[PDB]
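First, one chain by itself in structure tokens, the form deposited in one PDB entry.
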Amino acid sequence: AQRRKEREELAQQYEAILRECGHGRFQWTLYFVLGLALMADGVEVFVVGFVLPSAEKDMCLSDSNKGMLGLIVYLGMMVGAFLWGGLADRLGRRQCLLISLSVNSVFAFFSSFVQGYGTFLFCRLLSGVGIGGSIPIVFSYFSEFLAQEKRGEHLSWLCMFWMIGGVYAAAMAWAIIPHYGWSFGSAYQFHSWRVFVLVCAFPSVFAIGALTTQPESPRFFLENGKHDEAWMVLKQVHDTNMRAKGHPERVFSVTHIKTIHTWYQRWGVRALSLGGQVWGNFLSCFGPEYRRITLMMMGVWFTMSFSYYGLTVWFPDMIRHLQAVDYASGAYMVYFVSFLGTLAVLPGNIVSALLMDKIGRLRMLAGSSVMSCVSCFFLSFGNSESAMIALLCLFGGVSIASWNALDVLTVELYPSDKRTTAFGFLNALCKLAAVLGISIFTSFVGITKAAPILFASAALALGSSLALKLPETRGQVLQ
């Protein structure tokens, strides 16, 4: 009964406290620290999508087992997303981010030394389970330090690190394992898939190391009744910002903050309680006051992920076909296209970041979705490799804006006590959509050119039609 009023008061006071702390060196530091975490997810996604389907041809496998590994890893990412997103609302943002990154790093490290396909599959699956939790936790964790004045722009600036991780993975793949030799094969060669697997883990290890230095989210502390810890963290933020700005004498004035109020047997009971609470949050996401928002969010996210991850398998085959037609008269191609795509995304992320708080989230999302639909439709007309690459750059440049807007909107539409639960559920749905799109678009490879693009464009059109119905959030305190 009373809790809604108490939480509204908490949000209103928290916004004022953040305005007192201001924006400065602390948020700039946290920005890079969490950017490393996003980069790790980018690296893993690239490895699953482009390296491993290329390595499947050298590692010995039965024909029926060829596509198994990516499916398994994406399902692991789905499970990890739901698990860590749910737990981050009960144990904390920093805690769960540390745990998930540790899992990812440990099993990525272990996968370098295995001597068989089964054990490699196991270790890679658990690495996926680990990394699946990063994005939902990262975005909420960063959002909880941002004042409403420029929260959208600051959240939008965060998405570059994912593309940077993709570029990092592609460059390391080209440098270390050209031709994608993957024999289960090193003897300390420094030019081997084991060394590539190790090098891909560096962003996650650095993320863990840097993240150990950062404080836990004070909003999480306040929502769980820990007044003094939240006060200490907020004082740390204020003092860091003011000392960096050359005003060490300024005093943090906040006096009091609103707050909300055998060994194995004990562990079992604890786990049961945690499961019950996570399930309660997940079911609350479909309560009468959030059901419609959740369903519309599901539709939009599913359609966007479906179209993108279907194109991830459509485009390389189109390039191969065009190259074959031209020749009728490698890793470097992937690295080159990835680098150009990142350079194309960059202007789109700059523009969307600068406009996010100027024109609102809904208009950004709708315009970017329409432009994404049309740019996807244009792919059917490419007659040559250069034109195809240019059109892919166009599509990425326009779609990054819609993904940014939907990230901000997803952050702001859900309350802090279940934000990471909602975000994790949506991210798990996105990875399920990735699985489905990859399989369905793989089924088209032998048939025709146009139907996959028409299908993706229709999916994006439906996504935009749903996106038009979401409520605007610009100019509101973080619920």
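What we label the rigid core is the largest C-alpha set whose atoms superpose within 1.5 Å from one form to the other. One rule holds for the numbers: they count along the sequence shown, beginning at 1.
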Problem - Coordinates absent for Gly181 in a third or more of other entries - result: no
Exercise for the section: Give yes or no for this: do at least a third of the other compared entries, each modelling residues before and after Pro316, lack coordinates for it? Expected result: no
Problem - Deposited-sequence gap flanked by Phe184 and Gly185 - result: 1 to 3
Exercise for the section: Please say, as none, 1 to 3, 4 to 9, or 10 or more, how many residues of the deposited sequence are without coordinates in the interval between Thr255 and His256. Expected result: none
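The protein also exists as the form deposited in another entry; that form is not presented, and the subsequent description refers to it.
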Exercise for the section: Scan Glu144, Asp239, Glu385, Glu216 for the one whose CA shifts by 2 Å or more between this form and the one not shown after superposing the rigid core, and name it. Expected result: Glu385
Problem - Core-superposed C-alpha of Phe339 shifting 2 Å or more between this form and the one not shown - result: yes
Handout entry: Post core alignment: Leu52 C-alpha displaced by 2 Å or more between this form and the one not shown
Key = yes
Practice task
Kindly check if the Cα atom of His191 is displaced 2 angstroms or more between this form and the one not shown relative to the superposed rigid core.
Solution key: yes
Exercise for the section: Since the C-alpha distance between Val199 and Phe50 changes by 3 Å or more in the other form, give its direction relative to the shown form: closer or farther. Expected result: closer
